[PDB]
Amino acid sequence: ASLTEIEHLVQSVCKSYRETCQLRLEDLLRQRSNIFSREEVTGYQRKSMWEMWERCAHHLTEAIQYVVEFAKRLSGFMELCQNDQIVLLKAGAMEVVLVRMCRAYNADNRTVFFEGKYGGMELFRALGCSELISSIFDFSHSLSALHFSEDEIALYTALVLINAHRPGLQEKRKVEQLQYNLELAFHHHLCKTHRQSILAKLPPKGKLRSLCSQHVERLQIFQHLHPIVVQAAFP
């Protein structure tokens, strides 16, 4: 693994994210000024829990598709056996979307971009899961505080997806190699960008999995399947 090869991987992954971002940071940042009216907020609050969950799930599944395209554009993912592909995606897909949310969250007004405007926790009152919603906002707040580069998100999301420790992997060694190469790339780019600091400040592995486990649990309580099981992708 030559420096030049490693630099190539950094470029590949960062470009892949740029293509599969799903939204433009520029656009999100400009839209921060546009905020939901109190009347609009009360409207969302008035909606039935069932309607909101369907609406939310539509957005989530949309995002997961983009994440899957990101995974396909990652080097070596395609080479892995279907079983190993699905395992990595199953475990990581939702985890990646939670990371990508940090872009949408605005720390000043504590609002997130939902259906074309910025809104606070108040919007999702209908769901009646205040603790889950608060935790997602808190998680996003921390990442927003870090002022994550698009290039940093790209490498981090990739590392989330590509983990040898995920159970059910037959080709563990192959995934390990891919993980280590992406690990090197992340460290290398942080050295180059003088952002070595952020490693310590990153959320622990445990916390990412915790929020995703409970998120899937709530969807399963409603008449829904795991998004990888309900995959229009892998057709």
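- Looking up the protein chain in the PDB entry gives the name Nuclear receptor ROR-gamma, with the organism given as Homo sapiens.
- The PDB lists this entry under the title "The Crystal Structure of RORgT from Biortus".

1. Concerning the packing of helix α1 (residues 3-20) against helix α8 (residues 172-193)
In step 1: One way to put it is that α1 packs onto α8 with a least axis distance of 9 Å and a crossing angle of 90°. Of the possible angle classes, the one that applies to α1 and α8 is roughly perpendicular. Contact residues: α1 offers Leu-3, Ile-6, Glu-7, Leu-9, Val-10 and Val-13, while α8 offers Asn-181, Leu-182, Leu-184, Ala-185, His-188, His-189 and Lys-192.
In step 2: Broken down by class, the residue content of the contact of α1 with α8 amounts to eight nonpolar, three polar and two charged.

2. Let's talk about the pattern of salt bridges
In step 1: What the rule picks out here adds up to 16 salt bridges.
In step 2: The shortest N-O distance in the salt bridge between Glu-69 and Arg-73 comes to 3.6 Å. With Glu-69 and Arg-73 both in helix α4 (residues 49-73) and four residues apart, this pair spans about one turn of that helix.
In step 3: The class for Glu-69 is partly exposed, based on a relative accessible area of 33%.
In step 4: Where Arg-195 meets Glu-152, a salt bridge forms, and the shortest distance between an N and an O atom there is 2.9 Å. Of this pair, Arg-195 sits in the loop between α8 and α9 (198-201) while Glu-152 sits in helix α7 (residues 150-161); the two residues are 43 residues apart in sequence, bridging distant segments of the chain.
In step 5: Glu-152 sits in the buried class, given a relative accessible area of 4%.

3. Things to note about the environment of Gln-82
In step 1: Topologically, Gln-82 is positioned in helix α5 (residues 82-104).
In step 2: Exposure remark for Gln-82: the relative accessible area of 53% places this residue in the exposed category.
In step 3: The spatial distance from the C-alpha of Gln-82 to the C-alpha of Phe-234 is 9.2 Å, given a sequence separation of 152 residues.

4. A few points about the packing of aromatic side chains
In step 1: Enumeration according to the criterion identifies nine aromatic pairs in this entry.
In step 2: Centre to centre, the rings of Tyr-17 and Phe-70 are 6.3 Å apart; their planes meet at 90°, and the pair counts as edge-to-face. On the criterion of sequence distance, the pair formed by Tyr-17 in helix α1 and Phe-70 in helix α4 is long-range, its members being 53 residues apart. Residues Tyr-17 and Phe-70 agree in their burial class; the two are buried.
In step 3: Residues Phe-36 and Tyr-44 carry aromatic rings whose centres are separated by 5.1 Å and whose planes lie at 70° to one another, so their mutual orientation is edge-to-face.
In step 4: Put simply, the rings of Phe-36, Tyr-44, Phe-114 and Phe-124 touch in pairs and so form one group of aromatic residues.
In step 5: The ring of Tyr-44 has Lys-47 sitting right over it, with the charged end atom 5.7 Å from the ring centre.
In step 6: In this arrangement the basic side chain of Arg-100 is found over the ring face of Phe-70, its NZ or CZ atom lying 5.7 Å from the centre.

5. As for unusual backbone geometry
In step 1: For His-147, which is not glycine, the phi dihedral falls at a positive 50°.
In step 2: Of note, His-147 is situated in the loop between α6 (130-145) and α7.
In step 3: Of note in this structure, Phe-234 is not a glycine but carries a positive phi near 50°.
In step 4: Summarising the element assignment, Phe-234 is placed in the segment after α10 (205-221).
In step 5: We classify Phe-234 as partly exposed; its relative accessible area is 30%.

Cut-off values and rules
Residues numbered from 1 in each chain as written, not as in the entry; some residues may be left out. Heavy atoms only, no water. Axes fitted to C-alpha atoms, helices over the stretch in contact; angles between N-to-C directions. Helix = DSSP H or I, 4+ residues; strand = E, 2+ residues; numbered from the N terminus. Parallel < 35°, antiparallel > 145°, perpendicular 65-115°, else oblique. Contact = heavy atoms within 4.5 Å. Nonpolar A, V, L, I, M, F, W, Y, C, P; charged D, E, K, R; others polar. Salt bridge = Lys/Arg side-chain N within 4 Å of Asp/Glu carboxyl O. Buried < 20%, exposed > 50% of the residue type's maximum accessible area, 1.4 Å probe, protein only. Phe/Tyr/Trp six-rings, centres within 6.5 Å; stacked < 30°, edge-to-face > 60°. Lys NZ or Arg CZ within 6 Å of the ring centre and 35° of its normal.

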